Amino acid sequence: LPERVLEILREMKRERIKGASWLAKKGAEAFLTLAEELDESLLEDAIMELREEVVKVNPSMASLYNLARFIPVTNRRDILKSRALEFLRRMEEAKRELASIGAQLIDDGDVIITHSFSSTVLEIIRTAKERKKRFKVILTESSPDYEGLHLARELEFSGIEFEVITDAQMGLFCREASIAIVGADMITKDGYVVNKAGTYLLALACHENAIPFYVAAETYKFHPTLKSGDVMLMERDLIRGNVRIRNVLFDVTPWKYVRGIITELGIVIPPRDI
Amino acid sequence: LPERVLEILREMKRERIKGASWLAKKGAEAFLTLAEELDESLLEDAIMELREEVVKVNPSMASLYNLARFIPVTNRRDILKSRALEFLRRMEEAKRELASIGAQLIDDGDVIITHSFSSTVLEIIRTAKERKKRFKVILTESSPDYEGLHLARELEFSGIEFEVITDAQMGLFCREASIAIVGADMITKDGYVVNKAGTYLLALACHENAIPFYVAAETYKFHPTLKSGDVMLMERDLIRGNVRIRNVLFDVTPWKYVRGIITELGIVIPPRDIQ
């Protein structure tokens, strides 16, 4: 693979805050750069190679798997770039339509509890505010990279009322919330939700306290064939205080704890609506 | 109150690694100190005031409340001193006996998961290892003060195999565990367990995955009158980045997620045996 393609892949593997959305976009740019740098004579093999590499960046993200599958093995640069750009446009459209459907679900007076950082969830919240709905957000700092603090700074910029808590405090706070909205890295074929580690715990707490738990996920985050049991939960080396700490970054939440999945096509009920 | 006493009160207040047990000792030290600074005639009121200040250190720890009721309101220096030293003797004896019973519970091949730091849970683990039981421990770093790393340092000192995880990973790992053992800052009158924030989540995940959840709590950690709904959960200020973070340090776990409470008198079953 060309140097510029490898740079983008390293930039992707290096990301700790931005979520699936940003990562998928970078994956697309990786294919664009490939078509712009290689000879149409080596393109087909290079594409298969890049397909494998993009998915390996984070096997817990269905968006990367769907992106790779969407890209054809072609010897034509223009077709390769066109498919990559088309996938991006589809992502953007899916996100804004989902945000609209999500903002509609939110009620005035709501106290929304969420976890980790999701570009889609942030847009749902910003759209709700734009529509003049009053509400408050409870979010977690999200260890170990604290992508949650990024969400906090975004909500602050938008003038939205929020409260930050530690991950361990989710049980104490689901109670004060009227609804839970989290994002997703993958929706399995059998309807389970793969998302940031700890999402499962929030789901359990919210169920015991009767707080509707919703998941926001564009259809490009749905894996067409992988079932919950075979999901690969990516792990990243973590050292703090000179001590090695296990760091499985993603978890799995059973559908029985999920009210519904907010998609660009409407709110779907797992697992029957698949 | 005397300066020496007021200084111990401060020392207890800014402690965040060592838990209940340690605070209980400092509380006793406060009363022992009071007995060396005041005259018999001012002793009774001073004890009344210290009783209150000691409990204020952390209303989430029943050990402080029980320590306060153990120390009599008397004008007898020798009595005050004697009672404080007896409380200390009882704590040590309680911890040792509870450890022996807890270790007995552990089995070869266990993968024990725990949360936060508890000197009692630590002694249970050490006693089990000393009796040649083979096992591994999964523990959380415990945000935001990371007292969990203190546990890791101690387990390393003892040659015990362990793995550290972040609090949010507790659900992914109850799965690997065969048993869970956590400490407690208080066992309410109705059988609920007050402990480091996050214990409740561990309890929920382990119940979902059929992993026996045990709580280690000496009898002096049982509060005689406070019910779960009236518990005060202490909070400290916290800031990371330029963001203020809510930091409620303790939570409440219903008894229905607890297999049993390991005491120095044996393993009790909440809430029925908690009377």
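From first to last, the protein sequence lines stand for chains A and B. According to the working numbering, the residues represented by the first sequence are 710 to 983, in order. According to the working numbering, the residues represented by the second sequence are 82 to 356, in order. We put the CB at the ideal spot given by N, CA and C, even for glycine.
Q) In the DSSP assignment, what residue or residues form a beta bridge with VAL192 (chain B)? A) On the second sequence, position 111 is the one that residue 192 (chain B) refers to. Checking the DSSP bridge columns, you'll see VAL192 (chain B) partnered with B:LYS217.
To be precise: take each residue of the region 891-922 of chain A, compare its Cβ to all Cβ atoms of chain B, and keep it if any distance is under 7 Å. Which residues remain? Those would be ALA906, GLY907, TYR909, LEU910, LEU913, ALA914 and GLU917, in chain order.
Checklist line | 8 Å Cβ cutoff, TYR855 (chain A) in contact with chain B | finding: In the first sequence, residue 855 (chain A) corresponds to position 146, counting from 1. Yes, contact with chain B.
Check the Cβ-Cβ distances between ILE822 (chain A) and every residue of chain B, and say whether any is below 8 Å. Here the question's residue 822 (chain A) lines up with position 113 in the first sequence. Taking Cβ atoms only, chain B never reaches closer than 8 Å to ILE822 (chain A), which makes this a no.
- Query: What's the C-alpha gap between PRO305 (chain B) and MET142 (chain B)?
  - Reply: Start at 1 with the first residue of the second sequence, and residue 305 (chain B) comes out as number 224. Start at 1 with the first residue of the second sequence, and residue 142 (chain B) comes out as number 61. Taking the Cα positions, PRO305 (chain B) is about 12 Å away from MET142 (chain B).
Discussion item. Based on DSSP bridge pairs, tell me the residues matched to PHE922 (chain A).
Written reply: On the first sequence, position 213 is the one that residue 922 (chain A) refers to. In the DSSP output, where bridge partners are listed per residue, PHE922 (chain A) has A:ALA889.
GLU839 (chain A) and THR875 (chain A): beta carbons closer than 8 Å? If you number the first sequence from 1, residue 839 (chain A) lands on position 130. If you number the first sequence from 1, residue 875 (chain A) lands on position 166. If you check the CB distance, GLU839 (chain A) and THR875 (chain A) do not come in under 8 Å.
Terminal residues of the continuous beta strand (DSSP E) containing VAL349 (chain B)? To locate residue 349 (chain B), count along the second sequence from 1; it is residue 268. Unbroken beta strand (DSSP E) run through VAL349 (chain B): 347-349.
- Message: Quick check on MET313 (chain B): buried or exposed, where buried means 16 or more other Cβ atoms within 10 Å of its Cβ?
- Response: On the second sequence, residue 313 (chain B) is found 232 positions in, with the first residue counted as 1. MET313 (chain B) comes out exposed.
Check: Which of helix, strand or coil does DSSP assign to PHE796 (chain A)?
Finding: Translated into positions along the first sequence, residue 796 (chain A) becomes position 87. Three-state result, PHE796 (chain A): helix.
Next on the checklist: Let me make sure I understand the geometry here. Which of A:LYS841, A:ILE970, A:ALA733 and A:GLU746 has the alpha-carbon closest to that of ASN775 (chain A)?
Outcome noted: Within the first sequence, residue 775 (chain A) is the residue found at index 66, counting from 1. Ranked by Cα distance from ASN775 (chain A), the options A:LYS841, A:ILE970, A:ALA733 and A:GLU746 are led by A:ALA733.
Taking Cβ-Cβ distances below 7 Å as the criterion, which residues of the region 201-224 of chain B are in contact with chain A?
From the region 201-224 of chain B, only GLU222 and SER224 have a Cβ closer than 7 Å to chain A.
Exercise. Give me the Cα-Cα distance between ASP899 (chain A) and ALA755 (chain A), rounded to the nearest whole angstrom.
Key: On the first sequence, residue 899 (chain A) is found 190 positions in, with the first residue counted as 1. On the first sequence, residue 755 (chain A) is found 46 positions in, with the first residue counted as 1. If I take the Cα positions, the gap works out to 33 Å.
Exposed or buried, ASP894 (chain A), counting other C-beta atoms within 10 Å across all chains shown (16 or more means buried)? In the first sequence, residue 894 (chain A) corresponds to position 185, counting from 1. Around the beta carbon of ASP894 (chain A), a 10 Å sphere encloses 16 or more other beta carbons of the protein chains shown; the residue is thus reported as buried.
Boundaries of the beta strand (DSSP E) in which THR908 (chain A) is found, first to last residue: Start at 1 with the first residue of the first sequence, and residue 908 (chain A) comes out as number 199. Per DSSP, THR908 (chain A) belongs to no beta strand (DSSP E); it is in the alpha helix (DSSP H), 908-917.
TODO: Please go through the same chain and pick out, in chain order, the residues whose beta-carbon is closer than 7 Å to the beta-carbon of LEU860 (chain A), but skip the five residues on each side of it.
DONE: Here the question's residue 860 (chain A) lines up with position 151 in the first sequence. Closer than 7 Å at Cβ, skipping near neighbours: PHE826, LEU831 and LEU848.
**Report entry** Chain-order list of residues whose beta-carbon lies under 7 Å from that of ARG85 (chain B) (same chain, five-residue window excluded)
**Finding:** What you label residue 85 (chain B) is simply residue 4 of the second sequence in a count that begins at 1. If we look at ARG85 (chain B) and ignore the five residues flanking it on each side, its Cβ neighbours are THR114 and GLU118.
Alpha carbon to alpha carbon, what distance is there between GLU716 (chain A) and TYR281 (chain B)?
-> The residue given as residue 281 (chain B) occupies position 200 in the second sequence. The residue given as residue 716 (chain A) occupies position 7 in the first sequence. A straight-line Cα-Cα distance of about 44 Å links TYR281 (chain B) and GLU716 (chain A).
Distance check for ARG95 (chain B) and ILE810 (chain A), CA to CA, integer angstroms please.
For the purposes of this step, residue 810 (chain A) is taken as the residue at position 101 of the first sequence. For the purposes of this step, residue 95 (chain B) is taken as the residue at position 14 of the second sequence. In a straight line, the C-alpha of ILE810 (chain A) is about 48 Å away from that of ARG95 (chain B).
Outcome for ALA286 (chain B) when other beta-carbon atoms lying within 10 angstroms are tallied against a minimum of 16: Taking the first residue of the second sequence as position 1, residue 286 (chain B) is located at position 205. The residue is buried, with at least 16 neighbouring Cβ atoms inside 10 Å.
Next on the checklist: Check whether the region 329-344 of chain B and the region 284-302 of chain B touch, using three or more Cβ-Cβ pairs below 8 Å as the test.
Outcome noted: Touching, yes.
Helix, strand or coil: how does DSSP classify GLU316 (chain B) here? By 1-based counting over the second sequence, the position of residue 316 (chain B) is 235. Reduced to three states, the DSSP call for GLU316 (chain B) is strand.
- Message: Here's the rule: buried if 16 or more other CB atoms are within 10 angstroms of the residue's CB, otherwise exposed. What is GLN250 (chain B)?
- Response: As a working mapping, residue 250 (chain B) is identified with position 169 in the second sequence. Label assigned to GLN250 (chain B): buried.
> Should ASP816 (chain A) be labelled buried (16 or more other beta-carbon atoms within 10 Å of its own) or exposed?
Replying inline: Within the first sequence, numbered from 1, the residue matching residue 816 (chain A) stands at position 107. With a threshold of 16 other beta carbon atoms within 10 Å, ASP816 (chain A) falls short and is exposed.
**Prompt:** For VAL245 (chain B), which option in A:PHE882, A:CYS883, A:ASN918 and A:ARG955 has the closest C-alpha, if you only look at C-alpha atoms?
**Reply:** Counting from one through the second sequence, the residue named residue 245 (chain B) turns up at place 164. For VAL245 (chain B), the nearest C-alpha among the options comes from A:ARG955.
Where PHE959 (chain A) sits in the DSSP three-state scheme: Within the first sequence, residue 959 (chain A) is the residue found at index 250, counting from 1. Reduced to three states, the DSSP call for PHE959 (chain A) is strand.
Take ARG792 (chain A) and list the residues in its own chain whose beta-carbon comes closer than 7 Å to its own, dropping the five residues that flank it on each side.
Working through the first sequence from its first residue, we reach residue 792 (chain A) at position 83. Only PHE779, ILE780 and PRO781 meet the Cβ criterion.
Taking Cβ-Cβ distances shorter than 7 Å, what residues in chain B pair up with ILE954 (chain A)?
Taking the first residue of the first sequence as 1, we reach residue 954 (chain A) at position 245. Here the neighbours are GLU222, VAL245, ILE246 and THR247.
Going by DSSP in three states, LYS905 (chain A) sits in which element: helix, strand or coil?
The residue given as residue 905 (chain A) occupies position 196 in the first sequence. Strand at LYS905 (chain A).
Where does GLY969 (chain A) fall in DSSP's three states?
The residue given as residue 969 (chain A) occupies position 260 in the first sequence. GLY969 (chain A) falls in the strand class under three-state DSSP.
Self-check item: Contact set between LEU253 (chain B) and chain A, taken where Cβ atoms lie within less than 8 Å
Solution: The residue given as residue 253 (chain B) occupies position 172 in the second sequence. Result: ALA906, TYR909, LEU942, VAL957 and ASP960.
(Q) Contact criterion: CB-CB distance below 8 Å. Does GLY310 (chain B) meet it with respect to chain A? (A) Mapped onto the second sequence, residue 310 (chain B) falls at position 229. For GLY310 (chain B), the answer is no, since every Cβ of chain A falls outside 8 Å of its Cβ.
query = Cα separation between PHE216 (chain B) and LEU236 (chain B)?
reply = Along the second sequence, read from residue 1 onward, the residue named residue 216 (chain B) stands at position 135. Along the second sequence, read from residue 1 onward, the residue named residue 236 (chain B) stands at position 155. Distance between the alpha carbons of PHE216 (chain B) and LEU236 (chain B): 12 Å.
- Task: From the DSSP output, read off the bridge partner residues of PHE303 (chain B).
- Result: Taking the second sequence and counting its residues from 1, one reaches residue 303 (chain B) at position 222. Bridge partners of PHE303 (chain B): B:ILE268.
- Task: Whole angstroms is fine: what's the gap from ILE320 (chain B)'s alpha carbon to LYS277 (chain B)'s?
- Result: Position 239 of the second sequence, counted from the first residue, corresponds to residue 320 (chain B). Position 196 of the second sequence, counted from the first residue, corresponds to residue 277 (chain B). Distance between the alpha carbons of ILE320 (chain B) and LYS277 (chain B): 19 Å.
**Item:** Whole-Å CB distance - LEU230 (chain B) paired with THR300 (chain B), under 8 Å assumed
**Value:** For the purposes of this step, residue 230 (chain B) is identified with residue 149 of the second sequence, where counting begins at 1. For the purposes of this step, residue 300 (chain B) is identified with residue 219 of the second sequence, where counting begins at 1. Not a contact, Cβ separation roughly 29 Å.
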